[PDB]
Amino acid sequence: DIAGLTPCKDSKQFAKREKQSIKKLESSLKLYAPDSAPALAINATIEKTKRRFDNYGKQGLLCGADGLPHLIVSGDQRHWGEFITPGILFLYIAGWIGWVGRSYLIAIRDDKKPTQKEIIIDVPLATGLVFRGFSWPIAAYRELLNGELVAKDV
Amino acid sequence: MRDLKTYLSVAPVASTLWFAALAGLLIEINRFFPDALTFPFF
Amino acid sequence: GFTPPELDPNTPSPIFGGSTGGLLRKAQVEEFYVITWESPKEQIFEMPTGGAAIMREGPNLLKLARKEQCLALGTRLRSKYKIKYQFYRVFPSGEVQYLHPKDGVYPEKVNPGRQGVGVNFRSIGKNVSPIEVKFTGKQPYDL
Amino acid sequence: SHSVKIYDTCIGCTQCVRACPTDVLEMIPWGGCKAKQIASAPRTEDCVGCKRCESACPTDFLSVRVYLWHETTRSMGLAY
Amino acid sequence: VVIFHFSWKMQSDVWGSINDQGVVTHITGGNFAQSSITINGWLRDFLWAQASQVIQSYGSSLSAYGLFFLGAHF
Amino acid sequence: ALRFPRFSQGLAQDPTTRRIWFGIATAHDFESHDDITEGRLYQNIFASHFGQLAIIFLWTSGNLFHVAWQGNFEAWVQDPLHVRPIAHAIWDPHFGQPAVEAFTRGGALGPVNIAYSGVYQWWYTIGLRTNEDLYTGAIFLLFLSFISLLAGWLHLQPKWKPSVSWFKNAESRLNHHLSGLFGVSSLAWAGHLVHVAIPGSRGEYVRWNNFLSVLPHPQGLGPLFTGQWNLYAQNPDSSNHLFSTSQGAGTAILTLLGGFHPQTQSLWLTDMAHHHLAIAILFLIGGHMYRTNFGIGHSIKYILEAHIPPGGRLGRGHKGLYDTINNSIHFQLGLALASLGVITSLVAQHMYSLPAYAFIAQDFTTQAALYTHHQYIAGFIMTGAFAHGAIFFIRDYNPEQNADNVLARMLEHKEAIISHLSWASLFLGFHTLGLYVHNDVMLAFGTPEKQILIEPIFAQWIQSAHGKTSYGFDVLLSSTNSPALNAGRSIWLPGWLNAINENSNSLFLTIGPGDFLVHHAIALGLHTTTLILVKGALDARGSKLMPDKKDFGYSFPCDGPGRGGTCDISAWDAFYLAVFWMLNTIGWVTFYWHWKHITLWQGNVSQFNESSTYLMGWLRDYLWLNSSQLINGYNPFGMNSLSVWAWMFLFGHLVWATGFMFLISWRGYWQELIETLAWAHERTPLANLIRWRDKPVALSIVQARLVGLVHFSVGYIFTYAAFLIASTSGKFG
Amino acid sequence: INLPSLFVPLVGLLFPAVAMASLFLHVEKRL
Amino acid sequence: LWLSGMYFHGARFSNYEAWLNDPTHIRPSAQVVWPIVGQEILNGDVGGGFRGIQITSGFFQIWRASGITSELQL
Ligand code: CLA
Ligand code: CLA
Ligand code: CLA
Ligand code: CLA
Ligand SMILES: CC1=C(/C=C/C(C)=C/C=CC(/C)=C/C=C/C=C(C)/C=C/C=C(C)/C=C/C2=C(C)CCCC2(C)C)C(C)(C)CCC1
Ligand SMILES: CC1=C(/C=C/C(C)=C/C=CC(/C)=C/C=C/C=C(C)\C=C\C=C(C)\C=C\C2=C(C)CCCC2(C)C)C(C)(C)CCC1
Ligand SMILES: CC1=C(C/C=C(\C)CCC[C@H](C)CCC[C@H](C)CCCC(C)C)C(=O)c2ccccc2C1=O
Ligand code: SF4
Ligand code: SF4
């Protein structure tokens with residue numbers, strides 16, 4: 001496949017690592033009582049590990065000679081779920097945060113003592129402002145086009 | 001009450017409450033969908 | 001134009017028990033400083049080098065190894081005890097040099113008998129760059 | 001001996017003179033401000049380079065500038 | 001330096017396991033007397049030798065100690 | 001004057017020990033010396049260059065003499081792969097008997113040192129075979145250094161010293177250096193390779209006494225002037241060819257194969273001679289560009305001033321740059337250091353992947369030592385280039401003569417440059433450290449499969465584009481019908497593809513996620529060091545915190561505690577802080593190289609692949625793991641040949657640590673301590689009869705920073721060199 | 001006769017001694 | 001408040017009684033970690049049918065020397 005890697009579902013070292021992990025987890029389980037709280041916790045962890053490995057095989061991740069999943073970020077459409085749509089999600093959230101904070105700073109910049117509203121957050125105004133980050137992708141775009149995103153005269 | 005609200009919104013207190021809420025939210029999201037290495041929905 | 005007071009030996013020195021912060025060989029071969037004041041009453045003050053000393057009634061004379069020490073002592077005498085002081089620089093040859101207050105009035109108060117030294121008639125931002133004074137003995141600020 | 005310069009932006013506030021710990025600066029008559037005063041540096045040979053005078057100057061940029069130069073036993077503040 | 005001395009001396013000449021015949025096997029086989037007199041011995045027989053426990057802690061219940069080891073270095 | 005230093009009258013009057021210190025640390029700063037002029041400065045620089053050439057020749061002559069005298073060359077050439085080359089003998093009266101026993105190696109009669117500079121392989125490849133050749137080379141080089149000193153002295157004397165106008169003749173100097181220093185020199189090297197080295201690698205021993213009686217080619221110079229040059233490549237050396245013997249030898253003197261010599265695992269000598277001949281032709285042609293006394297050619301300043309884009313996006317373009325470069329010597333030094341550092345790093349990168357000396361690829365410790373050597377020197381050269389750029393800004397820059405040209409416009413938007421470079425550094429550091437810590441925590445919890453392993457897919461694609469076929473990308477050279485592949489199938493691609501796809505050499509190593517992460521660490525280091533240096537340079541002339549910085553010189557302690565405090569505000573201090581980052585970045589580079597190569601030499605590349613993704617792997621599987629033999633160099637049960645490194649390893653640990661002293665504790669404490677010490681000495685019997693003559697004083701602030709940095713760097717270098725050499729030589733694999 | 005035996009002390013003890021003495025005399029006295 | 005926290009953790013989230021039955025056998029522990037992000041590996045096998053983080057504060061010895069035998073007293 002890409003970069004000489006093979007799918008984890010049909011890879012062999014991936015399955016070997018899965019088996020070894022479960023064996024290691026089970027080794028501890030046999031020491032305690034069959035149905036004690038530690039035994040239940042260890043069983044839950046084993047089930048979690050099995051579910052994790054099955055999901056990794058299901059999503060179609062690529063596994064190297066090491067038997068571990070590898071992430072392709074070149075832009076291949078078969079792997080957009082590895083970096084590109086999480087990347088878009090991060091960009092949206094981070095722009096939300098930055099736009100909300102900038103809106104707060106611009107809103108409080110007109111008082112005689114703006115610093116007072118900076119060490120003591122004016123929550124009433126902040127609660128109204130935080131929701132602009134839902135549509136910041138549009139507000140920032142029209143802010144740039146309208147030419148007042150960037151401070152002229154500087 | 002009014003002064004309690006004022007002090008309760010000061011930088012340190014507000015930041016700690018915000019980060020406690022964020023930590024709880026992220027913890028719950030991880031708990032429901034743990035071991036997530038990719039975005040499979042689309 | 002303010003004849004500076006002449007240093008008067010025989011004036012008593014403050015009561016002091018001795019210290020390891022006194023004069024050294026520099027006083028012997030280079031220079032040392034002497035400060036004099038009046039102090040209306042006998043009282044205990046903090047020495048600029050060691051512990052505490054007591055000013056005698058009437059004139060007091062103290063010899064220090066640094067001018068900065070003399071100035072610190074004078075500042076304490078002027079602000080804490082409200083005493084007028086003057087100090088000199090003494091060379092191993094036997095010379096004495098009146099130092100402060102140079103013209104009878106302390107340097108803080110403007111006096112009509114002082115000329116300007118090292119005053120530039122321009123803002124600090126109008127100095128030439130080093131390239132213009134390169135390979136000449138002058139510095140850009142000396143101009 | 002360090003070089004101390006007084007620039008014409010001086011407002012004659014006198015704060016630098018109060019600060020010098022070796023009596024290097026002075027106040028002299030002048031006519032370009034309200035105080036008719038300006039700082040002078042006639043005894044830079046006793047300057048130790050502490051730059052305590054510059055910390056007291058309220059003008060922006062400074063009106064008194066200390067340029068550290070050749071070192072002497074007086075400028076190095078040595079008692080031995 | 002004091003705590004390093006205490007730890008190495010205790011491991012070398014005091015702490016250990018007793019056996020049926022009374023033969024004491026010390027955690028470190030009494031190498032302090034002969035190895036602690038050089039800096040190379042302190043670097044090798046103390047730091048290098050005894051860091052194996054912490055660096056290997058990954059994959060076990062002591063993994064937190066290795067994490068804190070690296071974080072403290074940072 | 002009237003005492004040391006005589007070049008500084010202000011320092012000679014300092015009554016303290018400072019006069020001595022600053023007397024030594026400003027001897028080569030001619031511009032700040034009393035009664036300095038233009039011609040004086042240039043003549044001093046010229047003579048110092050002659051002195052440097054003499055020193056270099058003397059040093060290489062000493063290497064030759066010692067290898068010829070206590071060396072192993074005659075024995076080494078008999079079996080290059082199974083005998084350790086000897087540098088020089090050891091005569092230390094402090095050695096004990098077991099030390100003498102342990103240090104006698106290489107078949108010597110006493111304790112000796114095993115050379116790791118790689119001179120044996122280099123001298124063997126070029127044609128030197130016996131100790132007599134080494135002796136002749138050493139004598140010739142001693143003569144050469146003597147002649148260099150004679151030239152320097154001659155040009156010092158009046159009536160031979162060039163004028164300033166001569167020094168500033170840039171066009172003629174460029175013409176001669178391109179067509180003469182570079183072109184003719186490479187032409188001569190190609191001549192030597194054709195006449196001596198290539199015959200030497202085929203059995204014949206061509207020397208001064210018979211090189212006129214031997215034809216380098218059976219049809220000498222006939223093909224060359226007739227134009228039928230292919231006759232010089234008609235019979236290459238067979239792939240079953242032992243190096244210094246005629247078994248399987250050819251007659252071609254120039255070729256272009258591209259692979260390696262199968263036995264020596266190094267480049268073909270004929271290919272190298274052809275390379276040097278070609279680039280000699282290129283340099284000779286290109287060195288006729290500028291105008292001199294013959295009325296044809298180019299004037300550099302006109303080319304510069306004519307390169308101004310319409311639309312004024314670059315302002316006045318390069319107008320006025322010729323005069324600011326020709327008159328500013330620090331500009332010239334900065335440009336030279338920049339280019340030199342770039343090509344030194346290039347040498348480091350190319351020497352390990354395309355070895356040119358026979359049997360050096362099999363000498364692993366030599367390869368590692370050379371790579372680390374050249375990388376550290378390149379880092380120092382780059383840091384120096386930036387330092388001298390800042391120095392030029394301070395001293396030789398004229399704002400009015402550079403009005404609105406590229407330099408002024410660089411100065412006037414420095415803040416955007418600095419801020420964006422800061423953003424790049426922040427991004428790289430944040431995400432690289434985040435991924436490393438994530439993987440490390442993941443392995444702490446026993447779940448390696450949950451790591452964020454990103455495949456360096458772009459680099460793998462580039463490798464595939466070169467012809468490698470381990471990633472299955474099927475790109476140029478790795479495809480089958482691509483024009484790029486088809487164009488060179490008959491020249492060099494056979495050998496090149498044979499070498500690149502062969503996976504026992506270092507020609508384009510296979511890469512994975514660990515390589516991705518470490519390369520991004522490298523990028524972080526480069527960007528942060530560039531940030532520090534660029535910020536120090538562009539703000540050298542002054543900033544908002546100190547607008548009149550240009551009048552305070554390149555290096556000064558501070559501006560006092562006023563205005564919030566002005567510690568480390570000079571450009572010298574920016575360079576000072578950048579040296580730490582340079583050391584850190586080159587350390588990461590060499591750690592990566594050495595770990596990858598030590599795991600490849602063991603046939604255990606997997607181990608690196610698994611353990612590189614997380615930092616604990618670096619700490620345990622590399623530093624702790626490869627440091628057992630070194631620390632065991634000597635122990636309570638005796639010592640072996642590695643003890644000398646084990647000692648140095650500790651020595652480098654001490655120096656570095658004492659460096660932390662001058663960097664943390666500052667002047668005032670030490671000054672007061674020295675004052676009380678002076679009192680004590682003056683107050684004691686029998687010793688007050690002895691009197692110091694320079695008043696003791698604590699080290700200056702700038703001097704203390706410099707001394708601390710020097711300790712830091714010396715300890716860094718010594719400890720890493722000890723570790724690298726002991727670990728690679730301990731295994732010899 | 002062992003050439004190293006003569007020179008190692010010469011360059012490690014005699015040479016530094018004479019050089020340090022001469023340079024101390026040069027640096028440390030009024031001219 | 002710190003001491004009260006100590007005693008409460010020893011009372012509820014500890015294997016104090018198991019250690020009391022066999023001191024040399026069980027390794028003292030008075031802290032467990034919730035299973036959230038795979039950190040439950042830190043709940044190591046300390047003996048006495050308990051999984052937690054081993055404590056080196058020496059509280060178990062103090063409680064034994066004081067005469068505390070049950071968790072009601074803690
Ligand atoms: C381990 C040692 C260390 C570390 C980690 C750093 C890290 C950094 N240095 Mg630095 N430096 C060091 C040693 C170090 N330096 C030394 C010894 C010197 C010689 C004096 C210098 C001199 C130096 C200079 C001159 C400069 C830097 C700069 C920087 C920053 C570059 C920007 C970057 O990479 O993004 C970030 C890199 C990171 C490693 C992120 C650190 C923060 C992480 C995410 C932790 C977050 C906190 C976390 C939530 C836990 C909080 C705990 C709670 C109790 C608060 C960076 C933060 C440059 C700079 O400032 O950038 C503009 C700069 O100019 N360094
Ligand atoms: C810079 C090159 C260089 C270097 C690094 C060394 C280094 C060394 N030499 Mg050596 N040497 C050299 C050149 C060099 N040599 C040359 C050109 C000759 C003449 C062919 C010799 C002849 C020589 C002999 C006979 C011996 C050594 C020996 C030694 C070793 C012990 C110290 C010693 O005896 O001092 C060096 C002794 C000398 C007599 C050197 C004189 C020759 C040069 C011209 C002196 C340079 C002085 C100059 C002012 C400074 C140079 C610039 C800079 C490096 C400071 C030591 C590792 C001894 C040894 O074998 O080790 C066990 C020994 O007995 N050398
Ligand atoms: C062709 C290369 C070259 C040249 C010609 C110059 C030339 C010059 N440099 Mg420069 N520089 C260079 C490269 C170069 N540099 C590089 C690569 C760097 C990066 C490190 C620097 C960084 C640098 C700085 C920061 C400064 C200069 C300065 C100067 C000027 C005065 C130097 C002087 O006299 O100080 C005297 C010489 C010394 C103090 C050197 C003695 C101390 C060294 C570092 C100790 C050596 C290490 C140690 C002994 C080895 C270990 C010992 C043992 C254990 C083995 C001068 C014109 C200074 C200047 O004033 O600019 C105008 C200045 O401040 N340079
Ligand atoms: C490895 C790092 C290192 C080292 C070696 C030292 C060493 C020293 N520190 Mg120190 N210190 C350090 C780090 C270090 N420090 C750091 C990082 C800080 C920052 C917090 C400090 C802050 C600090 C302070 C504030 C003070 C010291 C003081 C001292 C000195 C104490 C006097 C003494 O021990 O007598 C003897 C010296 C030693 C035992 C050191 C090694 C000497 C070797 C064994 C002798 C070798 C001689 C050899 C034959 C020489 C021949 C070589 C020839 C070629 C020249 C001593 C020299 C104190 C001091 O100055 O004393 C009054 C002091 O006040 N340090
Ligand atoms: C500060 C300063 C200075 C300096 C600076 C510097 C030094 C910088 C730098 C820099 C650098 C050091 C850079 C580098 C670079 C490089 C580049 C930019 C490149 C490139 C590219 C290309 C062109 C490519 C091509 C190719 C080919 C050919 C083929 C194969 C592939 C490749 C891609 C490789 C001075 C003194 C002057 C002045 C003042 C200022
Ligand atoms: C696709 C991709 C890629 C790449 C890419 C690239 C390379 C590009 C780019 C890019 C670029 C070139 C960018 C840029 C930019 C620029 C600028 C100039 C900007 C800006 C912005 C701003 C300024 C903003 C601001 C703000 C916001 C909006 C947010 C919040 C608020 C604030 C205000 C902060 C890769 C392959 C890797 C992978 C896959 C994906
Ligand atoms: C120790 C120390 C001192 C005191 C250092 C002194 C007094 C130096 C004393 C060293 C003596 C002279 C012996 C040094 C031996 C050297 C190896 C000799 C080098 C001389 C030539 C070979 C270059 C400072 O003055 C100081 C100032 C500012 C910041 C940090 C510090 C600081 O750390
Ligand atoms: S630097 Fe200090 S001593 Fe010198 S003039 Fe200023 S205040 Fe006075
Ligand atoms: S402090 Fe500045 S403004 Fe005030 S008198 Fe002195 S120089 Fe003038």
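Order of the sequence lines sets the chain letters (A, B, ...), proteins ahead of strands, with each chain counted from 1. All values below were derived from every heavy atom in this structure, side-chain atoms included, with hydrogens, water molecules and symmetry-related copies excluded.
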Inset, instruction - Ignoring hydrogens and angles, tell me if any N or O in the side chain of F:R395 forms a donor-acceptor pair with the backbone of C:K134 under 3.5 Å. - result: no
Inset, instruction - Would you check if F:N398 and F:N327 make a side-chain contact, meaning some heavy-atom pair closer than 4.5 Å? - result: no
Inset, instruction - Assert yes or no for the condition that the ring centre distance of F:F167 to F:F46 is strictly below 6.0 Å. - result: yes
Inset, instruction - Answer yes when A:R102 and A:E143 have at least one side-chain N-carboxylate O distance shorter than 4.0 Å, and no when they do not. - result: yes
Inset, instruction - Assess whether side-chain hydrogen bond (donor to acceptor under 3.5 Å, both in side chains) is satisfied between D:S63 and D:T9, documenting all intermediate values. - result: CA-CA 6 Å; D:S63 304; D:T9 48; 2.9 Å; yes
Legend entry - C:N127 and D:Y7 side chains, donor-acceptor separation under 3.5 Å: yes
Inset, instruction - Check step by step if side-chain contact (heavy atoms from CB on, under 4.5 Å) holds for F:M410 and F:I417. - result: CA-CA 9 Å; F:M410 286 296 308; F:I417 295 159; 3.3 Å; yes
Inset, instruction - Let me see the working for F:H318 and F:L321 under side-chain contact (heavy atoms from CB on, under 4.5 Å), right down to the final yes or no. - result: CA-CA 6 Å; F:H318 315 88; F:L321 271 187; 3.8 Å; yes
Legend entry - Basic-acidic side-chain contact under 4.0 Å: F:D568, F:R705: yes
Legend entry - F:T585 to F:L526 - nearest heavy-atom pair and separation: CG2-N, 3.9 Å
Legend entry - Other residues, nucleotides, ligands: >12 heavy atoms within 6.0 Å of F:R667 CZ: yes
Inset, instruction - Examine distances only and state if a side-chain atom of F:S570 and a backbone atom of F:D573 form a donor-acceptor pair shorter than 3.5 Å. - result: yes
Legend entry - Inter-residue atom distance F:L340.CG - F:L333.CG, 0.5 Å rounding: 10.0 Å
Inset, instruction - Would you give the length of the straight line joining atom CZ of F:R316 to atom CG of F:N402, rounded to the nearest 0.5 angstrom? - result: 8.5 Å
Inset, instruction - Kindly check if the number of other-residue, nucleotide or ligand heavy atoms within 6.0 Å of CD1 (A:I138) is above 12? - result: no
Inset, instruction - Output the distance between atom SG (D:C16) and atom NZ (D:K51), rounded to the nearest 0.5 Å. - result: 15.5 Å
Inset, instruction - Return the minimal non-hydrogen interatomic distance between F:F386 and F:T530, and the atom names on each side. - result: CZ-CG2, 4.3 Å
Inset, instruction - Please check if the side chain of F:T566 supplies one atom and the backbone of F:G560 the other of a donor-acceptor pair under 3.5 Å. - result: yes
Inset, instruction - Return the minimal non-hydrogen interatomic distance between D:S3 and D:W69, and the atom names on each side. - result: N-CB, 4.4 Å
Legend entry - Atom CH2 of A:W96: over 12 foreign heavy atoms under 6.0 Å: yes
Inset, instruction - Hey, can you tell me if F:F575 and F:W572 have their rings parallel, tilted or perpendicular (30° and 60° cut-offs)? - result: tilted
Inset, instruction - Enter the distance from F:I391:CD1 to F:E31:CD here, rounded to the nearest 0.5 Å. - result: 9.0 Å
Legend entry - Backbone of C:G116 reached by a side-chain donor or acceptor of D:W30 within 3.5 Å: no
Inset, instruction - Look at atom NE2 of F:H28 and say whether more than 12 heavy atoms of other residues, nucleotides or ligands are closer to it than 6.0 Å. - result: no
Inset, instruction - Check for a donor-acceptor pair, side chain of A:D111 on one end and backbone N or O of A:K113 on the other, with a separation under 3.5 Å. - result: no
Legend entry - Any F:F662 side-chain heavy atom under 4.5 Å of F:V710 side chain: no
Inset, instruction - For the pair F:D559 and D:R65, find out whether any cationic side-chain nitrogen is under 4.0 Å from an anionic carboxylate oxygen. - result: yes
Inset, instruction - Check whether the ring centres of F:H388 and F:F392 lie less than 6.0 Å apart, and answer yes or no. - result: no
Inset, instruction - For atom NZ of F:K414, decide whether the heavy atoms of other residues, nucleotides or ligands shown that lie under 6.0 angstrom number more than 12. - result: yes
Legend entry - F:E38 and F:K168 ion-paired at < 4.0 Å: yes
Inset, instruction - Could you label the plane-to-plane angle of the F:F7 and F:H33 rings as parallel, tilted or perpendicular, counting under 30° as parallel and over 60° as perpendicular? - result: tilted
Inset, instruction - Go through F:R291 and F:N175 one step at a time and tell me if the side-chain hydrogen bond (donor to acceptor under 3.5 Å, both in side chains) criterion holds. - result: CA-CA 8 Å; F:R291 170 151 182 192; F:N175 270 15; over 6 Å; no
Legend entry - Exam field: side chain F:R541 to backbone F:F393, donor-acceptor pair closer than 3.5 Å: yes
Inset, instruction - I would like to know whether C:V133 and C:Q139 meet side-chain contact (heavy atoms from CB on, under 4.5 Å); could you show each step before the answer? - result: CA-CA 7 Å; C:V133 307; C:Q139 291 281 130; 5.9 Å; no
Inset, instruction - Determine the interplanar angle of the F:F552 and F:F556 rings, folded into 0 to 90°, and report it as parallel if under 30°, tilted if 30 to 60°, perpendicular if over 60°. - result: tilted
Legend entry - Over all atoms of both residues, closest heavy-atom pair of F:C558 and F:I569: CA-CG2, 4.4 Å
Inset, instruction - Can you establish whether the number of heavy atoms outside C:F135 located under 6.0 Å from its atom CZ is more than 12? - result: yes
Legend entry - Residues F:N326 and F:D323: side-chain donor-acceptor under 3.5 angstrom: no
Legend entry - For D:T44 against D:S1, the heavy-atom pair lying closest together: O-CB, 4.4 Å
Inset, instruction - Indicate the ring-plane relationship of F:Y576 and F:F580, choosing parallel, tilted or perpendicular according to the 30° and 60° boundaries. - result: perpendicular
Inset, instruction - Taking all heavy atoms of A:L149 and all of A:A140, pick out the closest pair and write down the distance. - result: CD1-O, 3.8 Å
Inset, instruction - Check step by step if side-chain contact (heavy atoms from CB on, under 4.5 Å) holds for F:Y376 and F:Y716. - result: CA-CA 11 Å; F:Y376 273 103; F:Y716 208 97; 3.4 Å; yes
Legend entry - Donor-acceptor under 3.5 Å (D:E54 side chain, F:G562 main chain): no
Legend entry - Check: C:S129 side chain, C:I131 main-chain N or O, donor-acceptor pair, under 3.5 Å: no
Legend entry - Pair F:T26, F:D29: side-chain N/O donor-acceptor within cut-off below 3.5 Å: no
Inset, instruction - For F:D396 and F:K550, run salt bridge (charged side-chain N to carboxylate O under 4.0 Å, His left out): C-alpha distance rounded to whole Å, both residues' side-chain angles, the deciding distance at 0.1 Å, then the answer. - result: CA-CA 11 Å; F:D396 302 326; F:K550 57 181 174 44; over 6 Å; no
Inset, instruction - Answer yes or no: is there a side-chain heavy-atom contact under 4.5 Å between F:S48 and F:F30? - result: yes
Legend entry - Pairwise side-chain contact, F:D548 with D:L62, heavy-atom cut-off 4.5 Å (strictly under): no
Legend entry - Over 12 non-hydrogen atoms of neighbours within 6.0 angstrom of NE2 in F:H176: no
Legend entry - From CD1 (A:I93) to CD1 (A:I88), nearest 0.5 Å: 12.5 Å
Inset, instruction - Output yes when a side-chain donor or acceptor of C:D142 lies under 3.5 Å from a complementary backbone atom of C:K138, and no otherwise. - result: no
Inset, instruction - Check the surroundings of atom CD in F:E412: do more than 12 heavy atoms from other residues, nucleotides or ligands lie under 6.0 Å from it? - result: yes
Inset, instruction - Spell out, as yes or no, whether a donor-acceptor pair under 3.5 Å connects the side chain of A:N146 to the backbone of A:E148. - result: no
Legend entry - Between CD1 on residue C:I124 and NZ on residue D:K5, distance to nearest 0.5 Å: 12.0 Å
Inset, instruction - Show the numbers, then the answer: is there a side-chain hydrogen bond (donor to acceptor under 3.5 Å, both in side chains) between F:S299 and F:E171? - result: CA-CA 7 Å; F:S299 68; F:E171 277 80 2; 5.8 Å; no
